[PDB]
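Chemist: After the structure tokens below, expect a handful of questions from me.
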Number of protein chains: 2
Amino acid sequence: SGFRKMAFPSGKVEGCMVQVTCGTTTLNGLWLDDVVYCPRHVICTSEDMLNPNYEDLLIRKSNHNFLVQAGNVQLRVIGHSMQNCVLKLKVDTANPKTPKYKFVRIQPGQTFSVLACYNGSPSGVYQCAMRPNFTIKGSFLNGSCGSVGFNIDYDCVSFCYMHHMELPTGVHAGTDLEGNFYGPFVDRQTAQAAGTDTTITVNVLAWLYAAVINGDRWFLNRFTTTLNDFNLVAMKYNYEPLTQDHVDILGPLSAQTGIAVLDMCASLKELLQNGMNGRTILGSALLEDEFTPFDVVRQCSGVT
Amino acid sequence: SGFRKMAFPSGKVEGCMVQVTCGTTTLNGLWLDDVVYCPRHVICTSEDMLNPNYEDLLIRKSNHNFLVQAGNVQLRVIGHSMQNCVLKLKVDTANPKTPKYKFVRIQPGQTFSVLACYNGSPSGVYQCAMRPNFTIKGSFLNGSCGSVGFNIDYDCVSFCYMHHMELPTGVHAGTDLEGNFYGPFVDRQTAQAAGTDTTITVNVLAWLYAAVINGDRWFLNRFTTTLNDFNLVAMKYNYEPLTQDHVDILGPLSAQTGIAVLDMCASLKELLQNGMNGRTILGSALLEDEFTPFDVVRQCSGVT
Ligand SMILES: O=C(Cc1cccc(Cl)c1)Nc1nncc2ccccc12
Ligand SMILES: O=C(Cc1cccc(Cl)c1)Nc1nncc2ccccc12
């Protein structure tokens, strides 16, 4: 019992963190096999982050200009290349701590753990989600760039995010490990406003099921609804529309609790229309949307 | 920018987790040097958790009855002893992954990270606090016993908690690594109700300072208060009394923000007396009390 915002154990990823310095900029890199991945803005000075031509700036860089350090030991860079917004630094040594891994590009609504790092050293781990506007609400300071987001399935780390920047609003933007930004963001110091940060409905429903499993049941009502009626309410409250694909994904939680998905939707509709009335659900006074249905089952089943 | 419930990177502790089985009970153990620490209730059957005499039950156990497995490899037990509510199993092999470590007994209000484990394998990491009633609000299932709580200072892991049980209310109780329970709890399947779960005032104030540092400032008011006036309000709202020791600890955050501690107390008094009015602070609709002043500075400074 109990329900917490839980991150994956970070050990497998800690063993991959390295420091990358180019010129006067230092950030984090991810060392997998004989390649170090890092944001390409490591090559920029502050004076050219305003409008950088990365291909042109990269011409003035050689392998010896990329200083890569794993703990206190220096790695020898024998090649470099740019793939989208990331640099791939080939080193002469395979990381002996390389876990089984995959690079995945996640969809909005999916959650992941972040290992916030500075100077190639891990500071902390937390859980977050790819927002519907393609930002993440992380906790990152200067030097955190190159920290990564990931999920773990038994022994395989699926890396999904690499941090690149903070928007003027204090929300975060970055790429997958192929260097493609999530959303429309660009690695440049210019006006980039985020779109509507819509609530992830299927995750709210999953967390209401977690609340029932963990004994918080006051919000269950005598009502039901339809997908189309529920979606009228979701639109009004800046919630993502619920689809039959989302209903299907909530099947296991509906089976565990005996609460039909559309009945849980009617409970959520009443909470949206009436608020919490000063009450809490799983220690929160708001509807939590950064637990997926998979996260709830995993946490409520103890998958290792 | 951004502020998250952040746990310490769990790698150093993952390397210490082992599985301990005695009879038909399996739980987690912590392997440091040549000793494995685990809850003494590993020796109990369900039939004797009602009123166990641990010294008597332990007489029927020999070193070969304690099966200790680190990953897929078995450890040889060459000694065993009971220290308070923990068993210490001496093994013939020092854990090669033993980090620099200390055993500390924490005070209520202090936070720590938990690495929830099942079968000696880590499932997840989360942050929590020792509540003023000496329980923790964790996320633990059957088999999680022996999972540990810790803090990290650079390269030293200070272990502060070992999980032993869940109370009928779904809150958690356990010991320090010397086997002494936090609070009045006993390792027995009997009536153990928790006391008032009081809010940790100094942590709420620290988190209001984190909110100001991160730009959430709507709650700052034109008022001040005194410790004695503030404490009249704290009593009414089941908040811990604020002392000059707590004011002293909030000094660095007061200096960073330029907001005198007693002014922040007057802001907190107004939030207690008037509520949030449907507004949020750092993405929460309630006053968060599981960030210490040290956690706020650490997170807002990027200590690795
Ligand atoms: O935003 C940047 C640098 C940057 C600027 C413009 C474009 C690009 Cl690609 C990168 N880095 C940081 N990232 N996250 C949190 C930060 C908190 C404070 C200062 C810096 C932060
Ligand atoms: O409570 C116990 C076993 C136990 C019973 C009485 C006394 C003692 Cl010392 C230990 N273990 C568990 N711990 N945390 C969460 C749990 C969720 C479900 C089931 C079991 C859980």
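Residue numbering: from 1, along the chain as shown.
Cβ from N, Cα, C; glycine included.
Feature annotation from Swiss-Prot assigns ubiquitin cross-link to A:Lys5, A:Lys90; the stated evidence is experimental evidence. The feature active site, for 3CL-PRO activity is assigned by Swiss-Prot to A:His41. Taken from Swiss-Prot, the feature active site, nucleophile applies to A:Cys145, supported by experimental evidence.
Each of the listed features needs to be described in terms of its position in the shown structure.
Modeler: Every protein chain shown contributes to the tally, and the Cβ of A:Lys5 (ubiquitin cross-link) ends up with 22 other Cβ atoms within 10 Å. According to DSSP, A:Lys5 (ubiquitin cross-link) is assigned to coil rather than to any helix or strand.
Within 10 Å of the C-beta atom of A:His41 (active site, for 3CL-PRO activity) sit 24 other C-beta atoms, taking all shown protein chains into account.
In the three-state DSSP scheme, A:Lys90 (ubiquitin cross-link) is classed as strand. Remark: A:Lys90 (ubiquitin cross-link) has A:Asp34, A:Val35, A:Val36, A:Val77, A:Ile78, A:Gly79, A:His80, A:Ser81 as non-local neighbours, by Cβ distance under 8 Å and separation of at least 6 in sequence.
Summarising the environment of A:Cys145 (active site, nucleophile), the number of other Cβ atoms within 10 Å of its Cβ, over all protein chains shown, is 26. In the three-state DSSP assignment, the secondary structure recorded for A:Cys145 (active site, nucleophile) is coil.
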Chemist: If one measures from the C-alpha of A:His41 (active site, for 3CL-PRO activity) to the C-alpha of A:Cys145 (active site, nucleophile), what distance in angstrom results, rounded to a whole number?
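Modeler: Cα to Cα, A:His41 (active site, for 3CL-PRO activity) and A:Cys145 (active site, nucleophile) are separated by 9 Å.
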Chemist: Between A:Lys5 (ubiquitin cross-link) and A:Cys145 (active site, nucleophile), what is the CA-CA distance rounded to a whole number of Å?
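Modeler: Cα-Cα, rounded: 23 Å.
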Chemist: I'd like to know which of the recorded positions listed (A:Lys5, A:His41, A:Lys90, A:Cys145) lie near ligand 1, counting only a CB under 6 Å away.
Modeler: A:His41, A:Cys145
Chemist: Mind sorting out which of the recorded positions A:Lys5, A:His41, A:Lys90, A:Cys145 are close to chain B, meaning Cβ under 8 Å from one of its Cβ atoms?
Modeler: A:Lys5
